[PDB]
Amino acid sequence: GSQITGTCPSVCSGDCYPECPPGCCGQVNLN
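As documented in the archive entry, the model was determined using solution NMR.

Here it is, written out as structure tokens:
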């Protein structure tokens, strides 16, 4: 099987777009 990085998409480390779940990204947007 394939290995998992962790949980939050790496993209969340960079672009915290609306697809990013709660508490994944640093710069939390929308309140």
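(A) Quick peek at unusual backbone geometry. In this structure, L30 is a non-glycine residue whose phi angle is positive, near 60 degrees. Mapped onto the elements of the fold, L30 is located in the segment after α1 (10-14). Taking relative accessible area as the criterion, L30 reaches 77% and is therefore assigned exposed. Positive phi outside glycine occurs at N31, with the angle close to 60 degrees. Take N31: it is sitting in the segment after α1.

(B) The state of the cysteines, seen in detail. Taken as a whole and assessed by the stated rule, the structure comprises three disulfides. For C8, the disulfide goes to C24, at an S-S distance of 2.0 Å. Taking the sign of the S-S torsion, about -70 degrees here, the bridge from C8 to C24 comes out left-handed. Here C8, found in the segment before α1, pairs with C24, found in the segment after α1; they are 16 residues apart in sequence, far enough to count as distant.

Definitions and limits used
Residues numbered from 1 in each chain as written, not as in the entry; some residues may be left out. Heavy atoms only, no water. Helix = DSSP H or I, 4+ residues; strand = E, 2+ residues; numbered from the N terminus. Buried < 20%, exposed > 50% of the residue type's maximum accessible area, 1.4 Å probe, protein only. Disulfide = S-S within 2.5 Å.

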